[PDB]
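Chains, contacts and geometry: an overview
Here are the chains, one letter per residue:
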There are 4 protein chains.
Amino acid sequence: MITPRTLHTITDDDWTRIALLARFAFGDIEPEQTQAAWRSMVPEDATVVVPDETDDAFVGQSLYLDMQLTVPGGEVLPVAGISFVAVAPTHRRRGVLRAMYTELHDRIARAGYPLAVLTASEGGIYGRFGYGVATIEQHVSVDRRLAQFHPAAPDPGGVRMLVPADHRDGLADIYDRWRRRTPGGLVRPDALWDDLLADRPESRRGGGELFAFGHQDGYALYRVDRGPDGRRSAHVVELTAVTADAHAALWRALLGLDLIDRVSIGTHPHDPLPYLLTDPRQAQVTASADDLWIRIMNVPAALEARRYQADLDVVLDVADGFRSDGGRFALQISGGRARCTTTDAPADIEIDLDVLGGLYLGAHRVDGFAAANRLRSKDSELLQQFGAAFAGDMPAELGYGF
Amino acid sequence: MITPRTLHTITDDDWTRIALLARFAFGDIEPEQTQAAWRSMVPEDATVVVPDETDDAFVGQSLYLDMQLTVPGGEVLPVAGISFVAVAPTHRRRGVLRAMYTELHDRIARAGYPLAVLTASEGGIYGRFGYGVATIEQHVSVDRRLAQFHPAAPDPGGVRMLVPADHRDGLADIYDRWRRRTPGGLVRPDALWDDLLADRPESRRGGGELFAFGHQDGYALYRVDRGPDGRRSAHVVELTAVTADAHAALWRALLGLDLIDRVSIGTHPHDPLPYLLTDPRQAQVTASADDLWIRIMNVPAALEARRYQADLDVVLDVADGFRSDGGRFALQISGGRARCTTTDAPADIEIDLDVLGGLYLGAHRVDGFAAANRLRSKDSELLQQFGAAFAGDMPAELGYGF
Amino acid sequence: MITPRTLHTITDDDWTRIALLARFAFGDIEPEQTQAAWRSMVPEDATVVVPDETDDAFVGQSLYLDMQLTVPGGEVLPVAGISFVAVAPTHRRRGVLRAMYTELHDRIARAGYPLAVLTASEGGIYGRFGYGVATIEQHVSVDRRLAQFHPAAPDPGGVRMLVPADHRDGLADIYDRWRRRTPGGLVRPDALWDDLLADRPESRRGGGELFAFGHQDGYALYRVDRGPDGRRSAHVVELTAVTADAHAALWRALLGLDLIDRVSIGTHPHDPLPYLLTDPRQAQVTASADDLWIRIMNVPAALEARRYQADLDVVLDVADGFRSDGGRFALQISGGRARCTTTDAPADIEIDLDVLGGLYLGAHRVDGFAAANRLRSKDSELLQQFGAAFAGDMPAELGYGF
Amino acid sequence: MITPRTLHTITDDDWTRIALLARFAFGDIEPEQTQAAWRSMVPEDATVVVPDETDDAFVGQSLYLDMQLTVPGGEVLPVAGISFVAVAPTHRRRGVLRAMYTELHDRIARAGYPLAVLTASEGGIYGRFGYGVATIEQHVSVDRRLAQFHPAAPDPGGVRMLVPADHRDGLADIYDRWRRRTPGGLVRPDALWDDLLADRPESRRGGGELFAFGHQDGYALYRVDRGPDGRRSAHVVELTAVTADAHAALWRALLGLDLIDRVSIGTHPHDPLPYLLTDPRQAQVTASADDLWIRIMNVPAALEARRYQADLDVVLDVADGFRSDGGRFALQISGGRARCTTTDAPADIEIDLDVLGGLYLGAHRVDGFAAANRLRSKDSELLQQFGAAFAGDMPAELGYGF
Ligand SMILES: NC[C@@H]1O[C@H](O[C@H]2[C@@H](O)[C@H](O[C@@H]3[C@@H](O)[C@H](N)C[C@H](N)[C@H]3O[C@H]3O[C@H](CO)[C@@H](O)[C@H](O)[C@H]3N)O[C@@H]2CO)[C@H](N)[C@@H](O)[C@@H]1O
Ligand SMILES: NC[C@@H]1O[C@H](O[C@H]2[C@@H](O)[C@H](O[C@@H]3[C@@H](O)[C@H](N)C[C@H](N)[C@H]3O[C@H]3O[C@H](CO)[C@@H](O)[C@H](O)[C@H]3N)O[C@@H]2CO)[C@H](N)[C@@H](O)[C@@H]1O
Ligand SMILES: NC[C@@H]1O[C@H](O[C@H]2[C@@H](O)[C@H](O[C@@H]3[C@@H](O)[C@H](N)C[C@H](N)[C@H]3O[C@H]3O[C@H](CO)[C@@H](O)[C@H](O)[C@H]3N)O[C@@H]2CO)[C@H](N)[C@@H](O)[C@@H]1O
Ligand SMILES: NC[C@@H]1O[C@H](O[C@H]2[C@@H](O)[C@H](O[C@@H]3[C@@H](O)[C@H](N)C[C@H](N)[C@H]3O[C@H]3O[C@H](CO)[C@@H](O)[C@H](O)[C@H]3N)O[C@@H]2CO)[C@H](N)[C@@H](O)[C@@H]1O
C-alpha cells in the first residue's frame, strides 16, 4: 500500500490536506499568510505525497522549495530546500519516509539542482541519506551591564531606531548585500520579508513585538522579554551586517539599551563581538547547534562552483549509500578553483557523501571525520591538505530557517 | 609611591602569608599537599610581593611557575606561569597590581623566558598587559542512552578498568607522549600527579571518586555524581589520548556505563567525539570558554620557535603598552619555519601584543581582531595570509590549570 | 555641543516620536488610551527633547506631569512628575541627559514647583541630581491556609464584592479620602481611573481580569494567577483604606478566598497586616524596594509646607551639585510648623540635597545618611534631633507610579 | 498523667536524656563541644522535665540559660533565655508544653529575672504565653560587581584578613564593646566564642570554612559558597562594628572580593550599608523576619531599666493570660527615665503583655497593635505619645541565636 504521487501543482485542497499532517508533526498553526508565503516558493513537480487507504488525507508528505544559496568564493547555486517533510504518527515504521524521499530526490535531481539543503527537525534521520551538517549556529550571551568595549573598537554611530515594517525595501536590500558576501546566504523572497516584519504573534516565539536598529550597511531585529524575574533581556532574531563598522555600531546600540540585563544572539562561530570587548569573558558562548544540512546532489557541479583555500590535486572516491551521485572524481584545485573530472583511476581519498556535504561551506575539520573512518586515506598528510583546501574563506551562516 | 620586593626564595612564613591571601582571593583553596607541589615549582627570585605597612601578612602577592609549554610543530619552550596573583581586598584600591606586574615581568625577562602564561582569575584585567586568550575549552555533553556510534567508527577495544593511583607511572607517560604532540602541553612533575591521583576529598570538587579507564595509548579519569534527581552522570576530569584508536576506545567505554545518564567533558574545539556518532546531535556542545592566556615575552624567540602553515613575508610592528617588548620585526616564513629579525623598515602589519599572544597557538581567526582594530593593515589580504599562517594543525589544549 | 528644545505643546507627530523612543526604552508600549491619559497630564512648556542631526525621531526626551502631592501634615503641593525620560541607545554616552535634565529643571523651577518627583528605572543616575528615595515599598506574602487573625482583632465586615468598572466614582472617592490623610498621596485624574478599571490585557501582570472588594471606607483590587504548580495566588494590586476597620475587613476578605494559596501585596513599612494575625510569622515580608524619589526644588517652600515632630533651632547648609537651590537656611521648627528663611550664619548641620529630599516624607533615619557623610554636623545630638523633627506620624506611601 | 519536676542541676546522665529528646525535636545533634557550651550556661534549678512511665528517658523538656540583655539606654539586665524546649512527638497533644512552661516560668520568676527571651521556632505557639517579637532581622544582598560607594563615604581603611580562630580574645573584646551599645546585645561566654571559631562542619550553614576581616573597631565573619553553576556568593554570618568607620571599612573590604558575585547578610533594620552606596538600589532588602522574642516577667523592673525617647504620665493596664505579671501601673516618664509603680487608679492605655515585650526594644510602631486592638486607648494621641516614648535611639539587634 505504498506509492508516491508527485503533485504537479499544489491546489488549495492539497495544501489543506498537508497543513493537517504538518500541524501534527511540527506543532502550531503557522498562520495563513506564513504558509502561503512558503507555498509560493515551491517549484512545480516538487511535492511528493503518499495518500491513505481511501485517499481522504495524506499520510506522508514532502516538498522542496526553490532556493538560491551562496557558497564559498561567492557563487550562488540553486538549491533544493527540502521541507514540510512529515509522515503521519499513525503510519510510521512502514517505510513511508524512504519511499517518498527517493521520488523527491529523483524529482530534485531531474529538476537540475546541484545541492539539496535542510534544517534538522526532531526525530529526523539524515546521515545515511547523505546529508551532513554544513553550518554551525552558536548561541552567545552578553550581560550588557558589565560588557565594556575595547579602546581600539570602532564606534561609527549612524544607527537609527526603526519600525521594521516600514523599511521592507531598505532592510531586504541590506540583507541581499550580505547574502552575496556570506556563505549559507539564501535569497529571501519579498513574500518572506512581508511575512517576517508583519510580526505575527504566532511565529513570534521568544518575546513581544519586534524592535529594529538600522545602519546604511546593516540592521538588527530583536525582541525584549521578561523572565519570572521581572528583569528583562534582549534576544536578537537577525543581525545582518555587511561592513565591520555596521556590525560594531549595531552591537554598540544593542548593549546601549538600559532596560535589559542581557542580550543574546544566535550567531555564527567566529562572530567578532567578543573581540570587540575589552575582555572576551564578557561575551559568553553557550551552545553550538547544527544549522544547515547538505546533500550534494551533483559532485562536479557543487565542487567546482565553490572556491578553495589551499591547492590540491587528488582522486576522490565518494560513497553514496542512497543514490548514485557518488563515484570516483578527479579533484584538481589550482589557484583556489577546481576542475572536478569524472574518472576511474584509483582513489587517494574515500569520502562518504554526507561528509562531503558537511565540509562544503568550510565549517569542519577532517580531524573528526578521518578519526571516525568516514574520510579515508593511506596518506595522512594528503588528508590534511584536503581539509585545508576545503576550509572556508568566510564563516558560513544560514540566512534563515526552513 | 609603593615599591614591591622580590623574595629570593619562598619561606615557610612567606608561604603561609601567601596561602592566606590566596584563600581569601580564590576560595578555600587546594589541600596543603597541592600547595606544596605549586611551591615546588617556583624558581628563585620569582616571587614579588608588596609587604604590609608592617609585615605580618602581605597586601599584594605574585609569583611565577617554572613551566614547559608545547608550541605548534612540537618545539617545547620554557614558560613563566603567573600564579597566585592577588591583592588583598583591603588594598585592591591602590594600584598594587601594576606595581607587582612590572617587577615580576622584569624578573621573567631577566630569566630568559620567551612566554608568560596564566589562566584567568575572576577580577583580573589581562590584555592591558599583553595576555590574550590562546586556547579554548568546549563543554561537550552526551546523553548515553540515546547516543550511538557510527557504523564506520573504529571499535578497537584495549580498554582496561583502573584504580588510578596504582598505575601512576604508566598514566604519567601516556600524558607525556600526548604533551609532546599537542600544542598547549604543560609538563607535569610527579608532584602534581600524586596530588591528583591521591584523589583527595577537597580536590575532588565536582563529583564522587576517581574512576579510570586505561588504554595502551590513553586514559580517562572521571567522577560520577548524582544530584536531587536520583540519577547519575559521569564527568570526565581528563581524557588524554595519543591515537584516534585510544580516543574512540575510551569514548566507547565511557558511553558504556549503564549507571550513567549523561557524560560530560571539557575539551578542545574540534574533538572527534561528535563525528564518532551517527548523529552529531547526540553529542551536545554547550559552552565555550577561555583556557590559557599568553603574553609573548620575546617576539623573535617565540616567533621562531613554532612552525607555521602558509608562507609569509611581512614586516610586523608589534604594539606593547606595558613593557617594551614591542617594535618592528621582519617576519619571514617559508616551508613552515620562521625567521624573525628586528628592523627599521616600514611595517606592513600592525598588531597588538595581546593578540599576537592569542593567535600564537593557532586558536583564533584574524577576522575578529581585525574587525576591532587590534590588528591592522592597509592590505586586507596580507592579513588573510598572516592569519592563514599562524593557524594550527593540532587543536591546542592546555595541559592543566594553575 | 547639544542644544535641547522645549515643546510648548505636544503635537501628534510629536507624541509619535516620544512613544517610539519610549517603547525602545521601557519594554512594551502601554495601550493607546493609557498614553492618552498621561499625555493629558503634561502641562504647557513641560517637555524637553533632543532631535537627531536629521531631526526625524527623537534621540533624547523627557517631560514632567503636573501633579499634586500630599506631605506630612496634610498640606498638598504641586509637583513636577518627571516622566518618560529616555535616550536613544544609539546616541548614548553623549550626555544628552545632563543637557535635558538641565533644561527640564529650569522649566520646573520657572513654573514654581516646590518639589519634583519620579519613580526610578534601570540605569537612572538619580542622587547625582539631588534626587532621594522618599517612600519605601515592602512586599508581603500571607499564606492563607495557615494564616489566621488574632482573637482581639476587628471583624467589622461590610465588604461587598464589586465589579471594578461599575463603581469608578465610588472607588475614586474612597481613594481621595485616603490621599489627603496619607503623605505620599498623589491626586488621580479621572483619565487614569478609567484606564485603570478598564483592565486591558497588555499592562496586566500577573493575572486575570481584575477582581475587587468594597468597604464604605476601603477597597482592594487584585488579580489571580496560576503559576508553575499550577496553584493559584492573588496579587493585590491596590488596597486603600481610610479606617483600620476597612483595612481589617478587606484583609479578612482577601484571606477567605479559596483558590488562593497565598496573598501578596506591595505596601508600606508599618502595615498592620502582620499585627492583625495570631503570629506575625504568617505574614512573610519579602522585599523592601525604592518607590517615590524626591528632589527639593525650593528648600524654604517645601520645608515650610509640611509640618514636624520635634522642635529644632538650627542653621542648615543644603548642598547642591547639580543646580543652585542650595545655601544656608535658618530652619526653626516650633510645635509642628516650620519657618525656614534664607540666611548667612554659619551652619550647624550640613546636608546633601538628595538627602533632604529622601528625608522629606519621613521614611528614613538620619543614622545611615550621617554615616555616609551625606549628613554632616559637628554637634552629635543636633543631628539626632534633626531626625526627630523630620519623622512623621503617617507612614509615607506613594499613591501610584508614573 | 503529667507532673513536671525541676532538676536542681544537670547530671551527665540527665544531659544524655535531653540530647536524646533534642535530636528527635531538632535534628542535628550539635557537636559534643556545642552542647557542653550551652550546658555551661544553665544555672541552678533551671531545668524542667516530664519523665515517662519507666523514668528512663524524658518525654518533655525545657530549660533557661542565664543571660545578659542590653536594653535601651545601655543598661544590662539578666534575662532567662528559654532554650531546648521539647516534647516527645509520641506524647505531643497531651498538654505537656503548657504544664512545662508554667513551672519553668515560676522558676524564672522566683529566680529574680525581669525578662524571659527566646528565638522562635517551629510551632511554635508563643503569643499567648506573653512573648512578642522584639527585634527584626532584615536580609540584604549586594551585587558586588555593580556596587559603588558614594563619594562622600568613609574609606577609613584599617582592615586585616584573619584566621579568626587565632584571635578569639580580640574578636570577643570588639563584640563586647558592641554588646553594651546595642539593644539586644547578649553576653557571649568564652565557651561560645570557642565553639563558633571551632568551625565544625556539621553546624556549617551557608558555606565552607570561616573567613575573617578584622578592624580595631569591628570585624566581619563570613563563609563563601559555590552555586550550581560554579559562581560564588559570600554570606556574612556576623558583622560586628563599634564605630561608623569600622562598618564602612569592613563593607568596603567585603565588596572588594573579586571572587564573589554577591555578598549577603542578615542585619538590623536600619543598617547604613545601602546609604554608603551611590545608589541605594545596589543593595537589596530581601527578607524581614522575627529574631528575638521577649516576655516581660516583671513589668516595673523592666520598664525602669530602659530609657525612653519621649515623656508621658499614664496609667497602664497590662493584660496577661498565662500568669499574673500584668496589672495596673502608674507609668511616669520624664528625662527619658521612667518610674513605674502599681496603682489602682483607672487606666489610660490597656496593653497585651505580648506587645509590651515586643514594643520593648523600641522595634515597632504602635499603629499596628492599636489597629488590631491588642493596644487600646480612647485618646488617640495617647497611644501616639506612648509609642513615641517607647521608640529607640539605636536600632536593636539580637546578639546571637539560642
Ligand atoms: N527539515 C526540518 C524543517 O523544520 C522546520 O521547522 C523550523 C525549524 O525546524 C528550524 O529551526 C532552525 C533549526 O533547525 C536550526 N538547527 C537552527 C535555527 N536556529 C532555527 O531556525 C530559527 O532561526 C532563524 C533565524 O535566523 C529563523 O529563520 C527560523 O524561523 C528560526 N526557527 O527552522 C524551521 C523553520 O522555522 C519546518 N517546520 C519544516 O518545513 C522543515 O522540514
Ligand atoms: N593567575 C591565575 C590563576 O587562577 C588559578 O585559579 C584556578 C582555576 O581558576 C583554574 O581553573 C581553570 C579555569 O580558569 C579555566 N577557565 C579552565 C580550566 N578548565 C580550569 O581548570 C580546571 O581544569 C583543569 C583541567 O581541565 C585542571 O587541571 C584544574 O585543576 C581545574 N581547576 O585552574 C587554577 C587552578 O585550578 C589559581 N588559583 C592561581 O594559581 C592563579 O593565580
Ligand atoms: N522613570 C520611571 C518611569 O516609570 C514608568 O514606567 C513604570 C514604572 O517606572 C513604574 O514602576 C514602579 C516602580 O518604578 C516602582 N520602583 C515601584 C512600583 N511598584 C511600580 O509601580 C507599580 O506599582 C504601583 C502601585 O503599587 C502602580 O501604580 C504602577 O502602575 C505599577 N507599575 O510604574 C510605571 C508604570 O506606570 C514610565 N514609563 C516612565 O515615566 C518611566 O519609566
Ligand atoms: N526556637 C527555640 C530555640 O531554637 C534553637 O535552635 C536555633 C534556632 O532556633 C535559632 O535560629 C534563629 C531563628 O530561630 C531566628 N528566629 C532567627 C535567626 N536568624 C537564627 O539564628 C541564626 O542567626 C544567628 C544570628 O542572628 C546566629 O547566632 C545563629 O547561629 C543562627 N542560628 O538559633 C538557635 C540556635 O542557633 C535551640 N535548639 C533551642 O534551644 C531553642 O529553644
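In the PDB archive, X-ray crystallography is given as the structure determination method for this entry, at a resolution of 3.2930 Å.

**Examining the overall build of chain A**
Of regular secondary structure, chain A possesses eleven helices and 21 strands. Against the globule reference of 21 Å for 402 residues, chain A gives a C-alpha radius of gyration of 22 Å, in line with a compact fold. Taking all 402 residues of chain A together, the buried fraction comes to 56%. With an accessible surface of roughly 16500 Å², chain A has 46% of that area assigned to carbon and sulfur atoms. Across chain A, 41 positive and 57 negative side-chain charges occur, with their mean positions spaced 2 Å apart.

**Section: the sheet that holds strand β5 (residues 115-119) of chain C**
Sheets are built from strands that pair by backbone hydrogen bonding, the pairs being arranged parallel or antiparallel. Ordered by their spatial adjacency, seven strands build an open sheet running β1-β2-β3-β4-β5-β14-β6 (chain C), and the pairing between neighbours is mixed. On the outer flanks of this sheet lie β1 (5-7) and β6 (132-133) of chain C, each paired with one strand and no other.

**Looking at helix α7 (residues 244-254) of chain B**
All names here are of chain B. Burial runs high along α7: eight of the eleven residues are buried. Among the residues making up α7, those that are buried are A246, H247, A248, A249, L250, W251, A253 and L254. In this structure, the buried side of α7 is in contact with β9 (211-215), β10 (218-226), β11 (232-241) and β12 (260-267).

**A word on the domain arrangement of chain A**
Accessible area lost upon the coming together of the parts is a frequently used measure of interface size. All names here are of chain A. The assigned domain composition of chain A is domain 1 (1-134 + 291-295), domain 2 (135-290) and domain 3 (296-393). Counting residues at the interface gives 26 residues for domain 1 and 20 residues for domain 3. In this structure, the connection of domain 1 to domain 3 is made through three salt bridges. Across the pair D106 and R323 runs a salt bridge whose closest N-O atoms are separated by 2.9 Å. Joining domain 1 to domain 3, the criterion identifies eight residue pairs in polar contact. When residues of the side of domain 1 that touches domain 3 are assigned to their parent elements, the largest contribution, six residues, is made by helix α3 (residues 96-110). Of the residues in the side of domain 1 that touches domain 3, the class split is 16 nonpolar, six polar and four charged.

**Digging into the relation of the copies chain C and chain D**
Of the transformation placing chain C onto chain D, the axial shift is 0.2 Å and the rotation is 179°, giving an RMSD of 0.5 Å. Taken together, the rotation and translation relating the two chain copies correspond to the operation of a two-fold axis.

**Description of the pattern of salt bridges**
All told, the structure shown has 125 salt bridges over all chains when counted by the stated rule. Measuring nitrogen to oxygen at the nearest pair gives 3.1 Å for the salt bridge that ties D12(A) to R39(A). On the criterion of sequence distance, the pair formed by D12(A) in helix α1 (residues 12-26) and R39(A) in helix α2 (residues 32-39) is long-range, its members being 27 residues apart. A salt bridge links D195(C) to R200(C); the shortest N-O distance between them is 2.7 Å. What makes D195(C) buried here is its relative accessible area of 14%.

**Quick word on the site of ligand 3**
Residues and elements named next belong to chain C. Surveying the vicinity of ligand 3 reveals the residues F26, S83, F84, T119, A120, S121, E137, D290, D291, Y400, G401 and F402. In the environment of ligand 3, an oxygen atom lies 3.1 Å from a nitrogen or oxygen atom belonging to the backbone of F402. Tallied by class, the residues present in the shell around ligand 3 amount to five nonpolar, four polar and three charged.

**Considering the UniProt feature "binding site: acetyl-CoA" (unreviewed entry) in chain A**
Residue and element names in this part refer to chain A. UniProt's feature table lists "binding site: acetyl-CoA" (unreviewed entry) at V85, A86, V87, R93, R94, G95, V96, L97, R98, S121 and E122, given in the numbering used throughout. Within the secondary structure layout, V85 lies in strand β4 (residues 76-87). Among residues more than four places away in sequence, those in contact with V85 are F26, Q61, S62, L97 and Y101. Considering the arrangement of structural elements, one finds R98 in helix α3. For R98, a relative accessible area of 36% corresponds to the partly exposed category. Setting aside residues up to four positions removed in sequence, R98 forms contacts with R128 and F129.

**Observations regarding the UniProt feature "binding site: CoA" (unreviewed entry) in chain A**
Residues annotated by UniProt as "binding site: CoA" (unreviewed entry) correspond here to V85(A), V87(A), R93(A), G95(A), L97(A), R98(A), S121(A), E122(A), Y126(A) and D258(A). These annotated residues cover 174 residues of sequence, and their C-alpha atoms reach 54.5 Å apart at the extremes, leaving them scattered rather than at a single site. The residue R93(A) is located in the loop between β4 and α3 in this model. Mapped onto the elements of the fold, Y126(A) is located in the loop between β5 (115-119) and β6 (132-133). Residue classification places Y126(A) among the buried residues on the basis of a relative accessible area of 5%. With residues up to four places along the chain from it excluded, the contact list for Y126(A) reads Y101(A), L118(A), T119(A), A120(A), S121(A), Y131(A), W293(A), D279(B) and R281(B).

**Some points on the nonpolar core**
In this structure, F213(A), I82(C), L316(C), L331(C) and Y360(C) are the most contacted members of the largest nonpolar core, which totals 142 residues. Ignoring anything within four residues of it in the chain, the contact list for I82(C) reads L63(C), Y64(C), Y101(C), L104(C), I108(C), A116(C), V117(C), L118(C), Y131(C) and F402(C). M100(A), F129(A), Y131(A) and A310(A) belong to the second-largest nonpolar core, a separate cluster that totals 103 residues.

**Here we look at the packing of helix α4 (residues 168-179) of chain D against helix α5 (residues 190-197) of chain D**
All names here are of chain D. Their axes nearest at 11 Å, the elements α4 and α5 cross at an angle of 120°. Our classification of the angle between α4 and α5 gives oblique. Here the hand of the crossing between α4 and α5 comes out right-handed. Residue-level inspection shows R168, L171, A172 and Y175 of α4 in contact with α5, the latter providing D190, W193, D194 and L197. Each residue belonging to the contact of α4 with α5 can be placed in one class, and the counts come to five nonpolar, no polar and three charged.

**Remarks on unusual backbone geometry**
Residue and element names in this part refer to chain C. In this structure, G230 follows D229 across a cis peptide bond, with omega equal to -5°. Inspection of the secondary structure assignment puts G230 in the loop between β10 (218-226) and β11 (232-241). The phi torsion at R93 lies on the positive side, around 60°, for a residue other than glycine. The phi torsion at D199 lies on the positive side, around 55°, for a residue other than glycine.

**Focus on the relation of the copies chain B and chain D**
Of the transformation superimposing chain B on chain D, the axial component is 0.2 Å and the angular component is 120°, with the fit at an RMSD of 0.6 Å. Expressed as a symmetry operation, the mapping of one chain copy onto the other fits a three-fold axis. In terms of proximity to the rotation axis, the leading residue of chain B is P228(B), whose C-alpha is 6.5 Å off the axis.

**Structural notes on the pairing of strand β12 (residues 260-267) of chain D**
All names here are of chain D. For β12, the tally of buried residues reaches six of eight residues, placing the bulk of the element in the interior. Sheet topology places strand β7 (residues 136-143) next to β12; six bridges connect them, and they run antiparallel. From the neighbouring strand, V142 faces β12, where its bridge partner is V263. The sheet contact formed by strand β11 (residues 232-241) and β12 spans four bridges and is parallel. Looking at β12, one finds that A234 is bridged to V263.

**Topic: the packing of aromatic side chains**
One pass over the full model with this rule turns up 59 aromatic pairs over all chains. Geometrically, the ring pair formed by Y222(A) and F24(C) is edge-to-face, given 6.3 Å between the ring centres and 70° between the ring planes. Of this pair, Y222(A) sits in strand β10 (residues 218-226) while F24(C) sits in helix α1 (residues 12-25), which puts the two residues in different chains. Judged by relative accessible area, which is 1%, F24(C) ranks as buried. One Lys or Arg, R188(A), reaches over the ring of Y175(A) and ends 5.0 Å from the middle of that ring. Against the face of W193(D) rests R188(D), its NZ or CZ located 4.4 Å from the ring centre.

What counts, and at which threshold
- Residues numbered from 1 in each chain as written, not as in the entry; some residues may be left out.
- Chains lettered and ligands numbered in written order.
- Part of a larger assembly, values for the part shown.
- Heavy atoms only, no water.
- Helix = DSSP H or I, 4+ residues; strand = E, 2+ residues; numbered from the N terminus.
- Rg over C-alpha atoms; globule rule 2.2 N^0.38 Å.
- Buried < 20%, exposed > 50% of the residue type's maximum accessible area, 1.4 Å probe, protein only.
- Areas by Shrake-Rupley, 256 points an atom, 1.4 Å probe, with all protein chains shown as cover.
- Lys, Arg positive; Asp, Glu negative; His and termini not counted.
- Charge placed at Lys NZ, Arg CZ, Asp CG, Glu CD.
- Pairing = 2+ DSSP bridges.
- Contact = heavy atoms within 4.5 Å.
- Domains from an automatic or database assignment.
- Salt bridge = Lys/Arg side-chain N within 4 Å of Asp/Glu carboxyl O.
- Polar contact = N/O pair within 3.5 Å; in protein donor to acceptor, adjacent residues only side chain to side chain.
- Nonpolar A, V, L, I, M, F, W, Y, C, P; charged D, E, K, R; others polar.
- Least-squares fit on C-alpha atoms.
- Near = heavy atom within 4 Å.
- UniProt positions renumbered as here; feature names shortened; annotations may be inferred.
- Core = buried A, V, L, I, M, F, W, Y, C linked by side-chain atoms within 4.5 Å.
- Axes fitted to C-alpha atoms, helices over the stretch in contact; angles between N-to-C directions.
- Parallel < 35°, antiparallel > 145°, perpendicular 65-115°, else oblique.
- Left-handed = near helix turned anticlockwise from the far one by under 90°.
- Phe/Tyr/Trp six-rings, centres within 6.5 Å; stacked < 30°, edge-to-face > 60°.
- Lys NZ or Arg CZ within 6 Å of the ring centre and 35° of its normal.

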